[PDB]
Amino acid sequence: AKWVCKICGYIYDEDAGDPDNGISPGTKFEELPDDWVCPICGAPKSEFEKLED
Ligand SMILES: [Fe+3]
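The paragraphs below set out a description of the structure included in this document. (Residues numbered from 1 in each chain as written, not as in the entry; some residues may be left out. Heavy atoms only, no water.)

1. Considering the packing of aromatic side chains
(1) Moving on: Tallying each qualifying case throughout the model produces 6 aromatic pairs.
(2) Moving on: An aromatic cluster of three or more residues is present, and its members are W3, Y12, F29, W36 and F48.
(3) Moving on: For the cation-ring pair, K45 lies above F29, with the distance from its terminal atom to the ring centre recorded as 5.2 Å. (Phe/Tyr/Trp six-rings, centres within 6.5 Å; stacked < 30°, edge-to-face > 60°. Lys NZ or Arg CZ within 6 Å of the ring centre and 35° of its normal.)

2. Observations regarding the sheet that holds strand β2 (residues 11-13)
(1) Moving on: What the 3 strands build is an open sheet, ordered β2-β1-β3; its pairing is antiparallel. At either margin of the open sheet sits one strand with a lone partner, and together these are β2 and β3 (48-50). Between one strand and the next, the sheet's axes are offset by a mean angle of 25°, whatever the strand orientation.
(2) Moving on: Relative to β3, strand β1 (residues 2-5) runs antiparallel, the two sharing 3 bridges. Each bridged residue has a counterpart across the sheet, and for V4 the counterpart in β3 is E49. (Pairing = 2+ DSSP bridges. Helix = DSSP H or I, 4+ residues; strand = E, 2+ residues; numbered from the N terminus. Axes fitted to C-alpha atoms, helices over the stretch in contact; angles between N-to-C directions.)

3. Looking at the pattern of salt bridges
(1) Moving on: The final tally for this structure, using the stated rule, is 1 salt bridge.
(2) Moving on: Across the pair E49 and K6 runs a salt bridge, and its minimum N-O distance is 3.9 Å. In this pair, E49 sits in strand β3 while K6 sits in the loop between β1 and β2, placing the two residues 43 residues apart along the sequence.
(3) Moving on: Accessibility expressed as a relative area gives 42% for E49, which makes it partly exposed. (Salt bridge = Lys/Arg side-chain N within 4 Å of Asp/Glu carboxyl O. Buried < 20%, exposed > 50% of the residue type's maximum accessible area, 1.4 Å probe, protein only.)

4. Side note on the nonpolar core
Considering soluble globular proteins, one finds that nonpolar side chains tend to be buried as a cluster.
(1) Moving on: Within the largest apolar cluster, 11 residues are counted, these being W3, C5, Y10, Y12, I23, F29, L32, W36, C38, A43 and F48.
(2) Moving on: When sequence neighbours within four positions are dropped, the list of residues in contact with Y12 reads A1, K2, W3, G17, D18, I23, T27, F29, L32, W36 and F48. (Core = buried A, V, L, I, M, F, W, Y, C linked by side-chain atoms within 4.5 Å. Contact = heavy atoms within 4.5 Å.)

Encoded structure:
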């Protein structure tokens, strides 16, 4: 699934992860460390919304 950062528009794609910040591809948003933040703007996880119909 994909989640959008409501502040800056960055999309966290679980298939892509965030390798440069220690997140391997396939890591679910709920599995992200509590201290993980948007890599673009710094926003906490609370500011993300799941993109699901
Ligand atoms: Fe952001």
